[PDB]
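Provide a 3D model corresponding to the input given below.
(9 chains, ligands or ions: 1)
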Amino acid sequence: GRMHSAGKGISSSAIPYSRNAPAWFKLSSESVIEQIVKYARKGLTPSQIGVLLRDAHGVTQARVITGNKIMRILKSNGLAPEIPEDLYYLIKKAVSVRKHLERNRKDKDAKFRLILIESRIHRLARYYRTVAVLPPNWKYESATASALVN
Amino acid sequence: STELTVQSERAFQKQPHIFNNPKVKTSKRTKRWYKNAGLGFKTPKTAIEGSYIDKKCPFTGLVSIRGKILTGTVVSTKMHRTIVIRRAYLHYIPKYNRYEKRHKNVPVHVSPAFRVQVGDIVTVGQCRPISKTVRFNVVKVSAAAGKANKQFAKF
Amino acid sequence: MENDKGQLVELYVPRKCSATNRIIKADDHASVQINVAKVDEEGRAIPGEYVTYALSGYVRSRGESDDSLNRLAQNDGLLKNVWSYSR
Amino acid sequence: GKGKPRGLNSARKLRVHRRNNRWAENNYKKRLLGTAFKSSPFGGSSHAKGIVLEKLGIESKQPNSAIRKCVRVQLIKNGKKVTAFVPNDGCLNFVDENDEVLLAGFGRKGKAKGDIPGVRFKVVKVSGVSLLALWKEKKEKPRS
Amino acid sequence: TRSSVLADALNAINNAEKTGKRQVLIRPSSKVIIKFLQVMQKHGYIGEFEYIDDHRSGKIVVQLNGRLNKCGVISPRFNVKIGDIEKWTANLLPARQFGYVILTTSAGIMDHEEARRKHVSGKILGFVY
Amino acid sequence: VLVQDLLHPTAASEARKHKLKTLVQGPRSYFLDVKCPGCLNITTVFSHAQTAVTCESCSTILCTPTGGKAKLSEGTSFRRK
RNA sequence: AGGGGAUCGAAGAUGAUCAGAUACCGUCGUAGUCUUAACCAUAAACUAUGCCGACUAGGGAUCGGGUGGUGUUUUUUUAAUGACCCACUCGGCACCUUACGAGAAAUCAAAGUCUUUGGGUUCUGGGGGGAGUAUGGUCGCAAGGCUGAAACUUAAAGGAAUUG
RNA sequence: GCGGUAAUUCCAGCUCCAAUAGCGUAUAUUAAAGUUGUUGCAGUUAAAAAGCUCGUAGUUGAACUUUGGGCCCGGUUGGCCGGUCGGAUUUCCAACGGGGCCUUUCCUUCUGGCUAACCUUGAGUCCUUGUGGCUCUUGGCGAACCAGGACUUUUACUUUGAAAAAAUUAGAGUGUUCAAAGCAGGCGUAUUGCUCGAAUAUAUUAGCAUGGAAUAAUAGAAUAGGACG
RNA sequence: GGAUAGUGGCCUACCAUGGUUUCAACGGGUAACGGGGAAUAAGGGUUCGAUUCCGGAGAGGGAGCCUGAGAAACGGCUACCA
Ligand SMILES: [Zn+2]
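Numbers count the residues shown, from 1 in each chain, chains lettered A, B, ... in the order given. Below you will find the coordinate block:
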């Protein structure tokens, strides 16, 4: 696949057959759920949080030791932010790129890339809006995204 | 659609031959008539409770449901007491042995008993020529509001 | 290939490769018939008695006649190790 | 699967495309535009009569070397002019100018026949009688 | 993107056959795939297949012999109106006397013969001979 | 080749292929209980860091990440699983 | 429309050459060539070969990332590192040999799995010439771009290979 | 493609061929044409991949949710016998279908009408040592659809059926003397009738009706504003 | 409300701003009446139907109308154009 290029690299997570376990793992649900939530107070992303936990701590996958995905925990304790993580970071990027282009319009490369990024933003937002996780009138425009990120 | 004022016409809106005597002190003010379409069509509470008039009402008006009974997706509710619905289908073409997405927009009356919105799948019943284009009458709202409130705010 | 009331009809029921079971036909002058001999007690090897195999020109060409030989004539008991089903 | 949409609901695109590419079929185009009527000395009819203007002697193409006897003809139905060959040996002896002849096609849909340039028609009858019967001896060319 | 997993399976099997192989690793398993392979083995074209279970969509190891000339899929599962099955078997089968057109009906995934006997019909899946 | 065991692959040429090209795919990264003798307590670490992990109490270090695994900070010990 | 204008250098003038030589060769040299702000939108813009997906065959290199080694080499004190070596794995730019298979052939790991004819999808072509012409529409300051006929004519035009 | 002095193509004689009460021609159309390509084309060099990437309408779109076992009921061919005075039905038996079952298993649901079917049994038995067999009312099966009240996520596909003019087509019957046709006709007591017909099939798309539950869509309980009581 | 045998923007009055469209509206072309059908035989198709049956429309072009159960009739009338 790989949309906005013709790159065809394979790179991911080989998820274990072990839907349960980690056998050698102690603690409880309580432990890691508190972890998640307090890190959410600190203000980290479920990607950030999961990476951190899987590193310094000993959590193979948060959903296994706790039958629930991270963002679901966040939303459950009222920690879900305005818009999702991927859409957020897309808009943030498009924002930085756009500032770069405001700084020199001579860079057509940045134009092309800005088009791509924003197209991804629009397609994604269309998906999100379809599944009701975004108000069915939600649209991205630059002049408002500047604020919307910050 | 309708709503408000009820008596908002130059003429007096009244159900024909439904005399309510002044001398006979009633506690309902106005005497209401109604029936049932048939075919399984429950006459909604808002029709017998309500105080609208609509002579083009299937449940309180002077029309009759008979002939075709169709369903469709509401595409237009911009007019008054009448809507347009898109009925989609697929057409078989032999030479290619395949189908093609077609559609027709049917004009259809809608009583002030119902409360329609663009998207509500609806069931209509063919009546007599009501207007220049209208031969159907909304007879049941199968949908709801497409989970509208399910797009609410933050927290 | 019989007919109405039994009776074999139509001549010639061709061979068949042992490794692939794909028919061996006449113009394939690239097929092969390998004859291994039914040896007996101490040294000697009974002539007039064979374990025979067919090998389609296909496989011969593809270069798998050797390997398929090993496989075929070991679980046919005249080889011990050499070839293994896993890899 | 090379271009063509194989889906189960892509009838529309398929027949549309079929029309589109039908237009590259020469006789489809011509049958649909109306050419048979629009152009063409005959009106799309099989035959057409017309009066003889002058008698022509058309030198044949290469590598042949002769003179092809013809006539210039003005078609009655539609006043269009057109030159027509006169078949067989003689027969240009049978016409005379101002005569009222009967023309048919050359069996090539337009397209001049052999070595005769720009002649897409021929003579079949003159003066009311068949040119053939004249060339034999069965019949004789009427009064005037 | 993977458009028809059945199509992939059949292509896989055929491509294994031709090359002179005796097994196939096909991927990833499905219900239609399984029932198809089953109607195949019911007439002894393949040996026995095994559903290996990756904790995702599946894997299948199909042991095959060599009776199989060609199995395949009809891309747009057309609708067969019971008078049309004859037309299809005529279309892509070597002879009257053998081979099987196989289709999905509201009486299950079955071959044109079983469909004919049962007197049921529907969409056309593929074919085997 | 021509005929082989797809259901049963040798541990050798199964341990060569890609993490997704195995028979039934699975990870190739391990957890290890790691310890620096400064304190007395051990902390579980994932072999590929991303995050530069420190010990329980003493703000020391444990590993600085790389293009893959985590380079353990010299004066440390570890145990798989 | 400004700057810039070393160089080479459509135009143009010249010396030659030739029957002629508006050329090829020599000299002079305007515009150009550079850059800024706007245009313009085409190249044999080519791999003359649409994109996503699956499968079908062997070999040695090389780019990038990773892993494995009581390999070499760097010495300081053994390491750490850095370069190199070897095996393996992803994703690359390419070659090699093959050919089960394809082709009209030249050739092609796709141009294969295609009369045993169906993974999904976008685009174009239907004898040659007339002709990318005419007409309309639209785009541009212009040069011109896109969209784009017919009448008539014609038995061939064309591709790959073989011998001469 | 023939003809420029020996023309196997012209003008003719002879001889011969082909079709034959008919044969040529001109125009169109269909087949040939896989040269319009759904079936089924072609696009490196022959006609043809847009300079490039985005991208809306359109076409298309991974996998996974009742699978597996047990029992009954009655059909339709066919086999080996025939029991019989060409065809017949039991059981012996396989084969191939349908219906209903119990396996945690809505079948819309109450409120009675209806009950055909048995867990029933009430006496026993014609009769093969009896679960072979069904007439037979008194505790005990719902769905088979009645009518009334109360509600139901929507589809595509497929089956069977109804509703369906004739002529036309496919096609049965009848010797217009044959035949294209026609729907006649055929038989005796041919002096006071007798009688077979005037079939069947297709008739698709859409609408109605009915069975199916694979394939493929659609809707649902996450700010629980959820499910039944 | 009027008008009709009667439903209806059929017409009038008041009032609103709606109705169709790349699933191709609207417009143009047709040497276009529609159907039962016909020609062509592997199949899928292609082509055609003015014409013995059914439905519609017209009576040189247009309008208007009398009579009547039924006609906007034309082998009826009235007016205009040819
Ligand atoms: Zn420490």
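
got the residue ranges for the helices in the chain?
Went with chain A since none was named. Using DSSP state H, the helices of chain A run over residues A:29-42, A:46-55, A:62-65, A:70-76, A:85-103, A:108-130, A:142-149.

could you do chain D instead?
Taking DSSP H as the test, the helices found in chain D are D:11-22, D:26-33, D:35-38, D:131-135.

Among those helices, single out whichever gets nearest to residue A:41.
Among those, the nearest to residue A:41 by CB to CB is helix D:11-22 (55.6 Å). From N, CA and C alone the C-beta is placed, and that goes for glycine too.

picking up where we left off before, just the helices of chain D: most buried one?
Scoring these by mean neighbour count under mean count of other CB atoms under 10 Å in any protein chain shown gives helix D:131-135 as the most buried, with a mean of 17.

For residue B:74, see how far away the residue nearest the centre of chain B is.
The centroid of chain B falls nearest to residue B:110 when counting by CA atoms, centre = their mean (2.5 Å). For residue B:110, the distance to residue B:74 equals 9 Å [CB to CB, to the nearest Å].

same question, residue A:69
For residue A:69, the distance to residue B:74 - CB to CB - is 37 Å.

Compare those two and say which is more crowded by neighbours.
residue B:74 (21 against 14; other CB atoms under 10 Å in any protein chain shown).

which helices and strands sit right next to the host helix or strand of the more buried one?
When elements are assigned from DSSP states H and E, residue B:74 belongs to strand B:69-76. Helices and strands touching strand B:69-76, by 3 or more CB pairs under 8 Å, 6 or more residues apart in numbering or on different chains; DSSP states H and E, are strand B:82-93, strand B:98-109, strand B:121-126.

Next up, the contacts around the residue nearest to residue B:140 when sequence neighbours are not counted.
Excluding the flanking residues, the one nearest residue B:140 by CB to CB, 6 or more residues apart in numbering or on different chains is residue B:123, at 4.1 Å. When contacts are counted by CB atoms under 8 Å, 6 or more residues apart in numbering or on different chains, residue B:123 touches B:69-71, B:138-142.

same check, this time on residue A:46
By CB under 8 Å, 6+ apart, the contact set of residue A:46 is A:69-71, A:74, A:85.

now the residues you listed as CSV including distance to chain C?
Converted to CSV, these look like this (distance: CB to the nearest CB, whole Å):
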residue, distance to chain C
A:69, 40
A:70, 42
A:71, 44
A:74, 48
A:85, 45
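
most neighbours, which of these?
Ranked by neighbours (other CB under 10 Å), the contacts of residue A:46 are led by residue A:70, which has 24 neighbours.

For the ion, see how far away that residue is.
In this structure, residue A:70 lies at 28 Å from the ion, with CB to the ion, to the nearest Å as the measure.

And for residue F:13?
Applying CB to the ion, the value for residue F:13 to the ion is 41 Å.

Also residue D:117?
From residue D:117 to the ion the distance is 106 Å (CB to the ion).

For that residue, give me its contacts.
Counted by CB under 8 Å, 6+ apart, residue D:117 has contacts D:58, D:60-61.

where along chain D do the strands fall?
D:47-59, D:67-75, D:81-85, D:100-105, D:121-126, D:129-130 (DSSP state E).

can you put the ones you listed in JSON lines and add mean neighbour count and distance to chain B?
Listed next are the strands of chain D as JSON lines, based on neighbours: other CB atoms under 10 Å in any protein chain shown; distance: least, CB to the nearest CB, whole Å:
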{"stretch": "strand D:47-59", "mean neighbour count": "16", "distance to chain B": "37"}
{"stretch": "strand D:67-75", "mean neighbour count": "19", "distance to chain B": "41"}
{"stretch": "strand D:81-85", "mean neighbour count": "20", "distance to chain B": "41"}
{"stretch": "strand D:100-105", "mean neighbour count": "19", "distance to chain B": "34"}
{"stretch": "strand D:121-126", "mean neighbour count": "21", "distance to chain B": "39"}
{"stretch": "strand D:129-130", "mean neighbour count": "15", "distance to chain B": "47"}
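
Can I get those strands in a markdown table including distance to residue A:57?
Formatted as a markdown table, those follow (distance: least, CB to CB, whole Å):
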| stretch | distance to residue A:57 |
| --- | --- |
| strand D:47-59 | 99 |
| strand D:67-75 | 101 |
| strand D:81-85 | 99 |
| strand D:100-105 | 95 |
| strand D:121-126 | 98 |
| strand D:129-130 | 111 |
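
Parallel or antiparallel, list what pairs with the host helix or strand of residue E:24.
Assigning secondary structure by DSSP H and E places residue E:24 in strand E:23-26. Strand E:23-26 has the following strand partners under DSSP bridges: strand E:59-64 (antiparallel).

Doesn't residue E:35 lie inside a helix?
Yes. The assignment for residue E:35 by DSSP: H, G, I helix; E, B strand; the rest coil puts it in a helix.

Which residues of chain D lie near RNA strand G?
Residues of chain D lying near RNA strand G by CB under 7 Å from any atom of the strand: D:1-7, D:10, D:13, D:21, D:24-26, D:29-30, D:33, D:35, D:39-40, D:61, D:110-112, D:117-118, D:120.

give me every residue that touches residue B:69.
B:39, B:123-126, B:139.

Find the centremost residue of chain D, please.
With distances taken as CA atoms, centre = their mean, the residue of chain D nearest its centroid is residue D:105 (3.4 Å).

Who are the contact partners of the spatially closest residue to it that is not a sequence neighbour?
Excluding its sequence neighbours, the residue lying closest to residue D:105 (CB to CB, 6+ apart) is residue D:121, at 6.2 Å. Contacts for residue D:121 (CB under 8 Å, 6+ apart) come out as D:41, D:73, D:82-85, D:103-106.

Up against RNA strand H, what does chain D have?
D:2-5, D:7-10, D:12-14, D:18, D:21-22, D:24-25, D:27, D:31, D:36, D:44-47, D:63-66, D:88-89, D:104-109, D:114-115, D:124.
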